[PDB]
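**Student:** Quick note, the sequences are listed as chains A and A', same order. A prime marks a further copy of an entry chain.
Using PDB author numbering, read the first sequence as starting at 1 and increasing by one per residue.
Using PDB author numbering, read the second sequence as starting at 1 and increasing by one per residue.
Protein chains: 2
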Amino acid sequence: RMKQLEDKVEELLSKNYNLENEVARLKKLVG
Amino acid sequence: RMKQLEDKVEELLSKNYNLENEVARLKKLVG
């Protein structure tokens, strides 16, 4: 369960980097 | 450290929900 929690942190960080990359692409379209 | 890992999961999920809400607002502007 240490490892499962660590795995979930790594997974959520990857998801937020994808969301960050998407926000930047959309902001480039608006801006 | 169990608690610290759990805290980090909860924090990253809140960040991704904010990013999700931002993506939806920007997509509403484009769409």
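For each residue, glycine too, the CB sits at the ideal point set by N, CA and C.
Between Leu12(A') and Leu29(A), is the Cβ-Cβ spacing less than 7 Å?
**Tutor:** No, Cβ-Cβ distance for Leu12(A') and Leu29(A) is not below 7 Å.
**Student:** From the DSSP output, in three-state form, read off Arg25(A') for me.
**Tutor:** Helix at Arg25(A').
**Student:** Taking 7 Å as the threshold (C-beta atoms), are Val23(A) and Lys8(A') in contact?
**Tutor:** Going by C-beta atoms, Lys8(A') is not nearer than 7 Å to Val23(A).
**Student:** Run through chain A' and tell me which residues come within less than 7 Å of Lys8(A), C-beta to C-beta.
**Tutor:** Ordered by position in chain A', the residues that pass the 7 Å Cβ test against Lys8(A) are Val9.
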